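A structural walkthrough
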Amino acid sequence: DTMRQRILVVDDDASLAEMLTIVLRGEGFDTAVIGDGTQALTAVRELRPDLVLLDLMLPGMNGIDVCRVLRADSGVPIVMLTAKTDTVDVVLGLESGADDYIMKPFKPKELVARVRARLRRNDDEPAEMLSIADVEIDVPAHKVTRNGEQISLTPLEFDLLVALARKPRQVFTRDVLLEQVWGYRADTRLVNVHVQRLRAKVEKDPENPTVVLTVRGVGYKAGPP
Ligand SMILES: [Ca+2]
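Residues numbered from 1 in each chain as written, not as in the entry; some residues may be left out. Heavy atoms only, no water.

- The protein chain carries the name DNA-binding response regulator mtrA in the PDB entry, which gives Mycobacterium tuberculosis as its organism.
- Its official PDB title, as written in the record, is "Crystal structure of the response regulator protein mtrA from Mycobacterium Tuberculosis".

Now the structure itself:
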């Protein structure tokens, strides 16, 4: 009810971009394509896509750079497309805020699964208030606060914190978090990277966490509320 979600494809491989256009539209998405990193900020602001698929190695400005630019602008989900030939490290992209990455060549069904995993949130979510350590979360309002002041988080950082806060006594391994938050049915550094990005925003002192705790040897868990 009733409008199509919109994906921006940022890739200079015009054949793959054409195929992605065809596959995504048959799945019910609207799509647009650009072929140069220098066009991305204007494209995102003009189209407001629900998600961006982003080639790591691009003309004009590479994918790590595009990331940093778009993340200064919004939390819009970004999935990096990587290839074994890439000459730059996809981890710098994740550290800059890319939510996820998929290796070329990929099957279009796995690509579509990655897209849908980032777009699971309903409109009009049921009422739900959580707390974790000294942080409050109003889930359907997408608002995290400490002493009433809001803490800004990307949707991925928000989903990570909510999963810990919902089960404050649970220790989550990294594979368990990948599957639960990222939605896989492989790379657990994704979890490490985004934990650090989340801590950098919600911790009074990120070197000494109270909100998101490391359980050495096992995983992570909610701080003592
Ligand atoms: Ca490329």
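Right, picking up where we left off after that structure.
Re the coordination of the calcium ion
- Bound to the calcium ion are the protein donor atoms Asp12 (OD), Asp55 (OD) and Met57 (O), situated 2.3 to 2.7 Å from the metal.
- Read in sequence order, the donor residues for the calcium ion give the motif D-x42-D-x1-M. Note that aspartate 12 is positioned in the loop between β1 (6-10) and α1 (14-26) and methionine 57 in the loop between β3 (51-55) and α3 (63-71), a separation of 45 residues in sequence.
- Using a relative accessible area of 42% as the deciding quantity, one classes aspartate 12 as partly exposed.
- Accessibility expressed as a relative area gives 33% for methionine 57, which makes it partly exposed. (Donors = N, O, S within 2.8 Å, 3.2 Å for Na, K, Ca; no water. Helix = DSSP H or I, 4+ residues; strand = E, 2+ residues; numbered from the N terminus. Buried < 20%, exposed > 50% of the residue type's maximum accessible area, 1.4 Å probe, protein only.)

Brief notes about the nonpolar core
- Ranked by internal contacts, the top residues of the largest apolar core, which has 55 residues, are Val52, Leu54, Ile132, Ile137, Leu161 and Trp182.
- The biggest single contributor to this core is helix α6 (residues 155-166), with eight residues.
- Counting residues domain by domain, this core receives three or more from each of domain 1 (1-124) and domain 2 (125-225).
- Of all hydrophobic cores here, the second largest spans 17 residues; its members include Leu16, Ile102, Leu111 and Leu119. (Core = buried A, V, L, I, M, F, W, Y, C linked by side-chain atoms within 4.5 Å. Domains from an automatic or database assignment.)

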